[PDB]
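Quick note: the sequence shown, position 40, residue 40 per the deposited numbering, numbers continuous.
Following: one structure in structure tokens, then a few remarks.
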Amino acid sequence: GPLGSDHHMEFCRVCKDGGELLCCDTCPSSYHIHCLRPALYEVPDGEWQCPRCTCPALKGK
Ligand SMILES: [Zn+2]
Ligand SMILES: [Zn+2]
């Protein structure tokens with residue numbers, strides 16, 4: 001699209017990260033551990049996925 005593909009970033013969609021990043025296993029987006037509505041305070045050492053890699057108003061889980 002305009003600004004690249006939009007859905008492709010090595011940083012946080014919301015909190016504009018740059019260093020430490022936790023990304024999905026599906027899409028090319030990176031987050032903290034609480035940038036989305038289904039936020040965690042713990043670091044998911046196993047698996048982790050986005051709510052919908054977008055506005056977390058929908059049901060991700
Ligand atoms: Zn994703
Ligand atoms: Zn973040």
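A virtual CB, placed ideally from N, CA and C, is assigned to each residue, including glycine.
CB of residue i within 8 angstroms of CB of residue j, strictly
i	j	result
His32	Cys50	no
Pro38	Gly60	yes
Per DSSP, the bridge partner or partners of residue i
i	result
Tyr31	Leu22
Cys55	Answer by DSSP bridge pairing: none, since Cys55 is not bridged.
Separation of residue j from residue i, as counted between CA atoms
i	j	result
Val14	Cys35	7 angstroms
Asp17	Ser30	8 angstroms
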